[PDB]
């Protein structure tokens, strides 16, 4: 039958990965783990502020919940090493808690009996960081623990690859205007990780913040390692984000048209192209990992010296989740 998936952390990425799996044959979520009870899990699956009402039926049953007639087993175990993955025969854990973002920590799922772990974030340790349709083919099926990178990395990789392949990337700087996330406080309050900015009221501020997306791009595209860096501004939309990239290229006399054309030629189910004057809410729930926006391309030329600026939208939620689940499927399929 299907690939057996357990989701660890039924949060934003967890539940959306659950929804998305509902429309990909060969994958079944058989178990979910988190820190709450079934009443709350079922409820947050059914209702979603940004992504909309869940389409199927959800019902609390014994030991978990039923979704469109399928039993999902649920657990409330903060220590992953104690999860009953061996008895459940879990083929892949989707690790979406935010607390196991390291090869050695995530290993706990393997000890508990899962065959492989896919982490919904950048992760430290000796493992591959994968953006689907940019470098998934670097997976060979011997990996046990894999990172699915970040929303920002997924928005940036296909854009950066085209810039480098077609024009030769000398260097660039990124800013991501990014929806606020669960890691920010509702009101000004002490922040768990001592970040004085993620401390502030999330929905009432433009908030500068760091991201590894550009700095660690070299893990996704080794041939440009060290050539990008940048940061983020977290702003008050609840999901939907934009990556602006300003670069220096080797090729001279570059034009808006050549850049846009090159992006369009690279488009697929991960990397979308648009020429419509859209805004963030238009990309909520979209399944492209990156939507290239040709209306935002600019070229500064002073004499023979040029800066090239481009921008790609991503739903930091659904865009990333759709990539995560593509990498999931590919990863499972290799065994």
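Positions refer to the first chain, counted from 1.
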Original post:
Per the entry, where is the mean C-alpha temperature factor higher: 138-146 or 163-171?
Top reply: 138-146
Original post:
Should the higher mean CA B-factor in the entry be assigned to 21-29 or to 320-328?
Top reply: 21-29
**OP:** Have a look at 86, 227, 234, 196 and flag the one whose Cα has the highest B-factor in the entry.
**Re:** 86
**OP:** Name the residue from 50, 266, 291, 67 with the greatest C-alpha temperature factor listed in the entry.
**Re:** 67
Subject >> residue 62 - Cα temperature factor, lowest/middle/highest third of chain >> reply: highest
Subject >> residue 302 CA temperature factor, ranked by third within the chain >> reply: highest
Original post:
In terms of the chain's CA B-factor thirds, is residue 243 lowest, middle or highest?
Top reply: lowest
Subject >> Relative C-alpha B-factor of residue 76, binned into the chain's lowest, middle or highest third >> reply: highest
**OP:** Grab the CA temperature factor for residue 200 from the record and place it in the lowest, middle or highest third of its chain.
**Re:** lowest
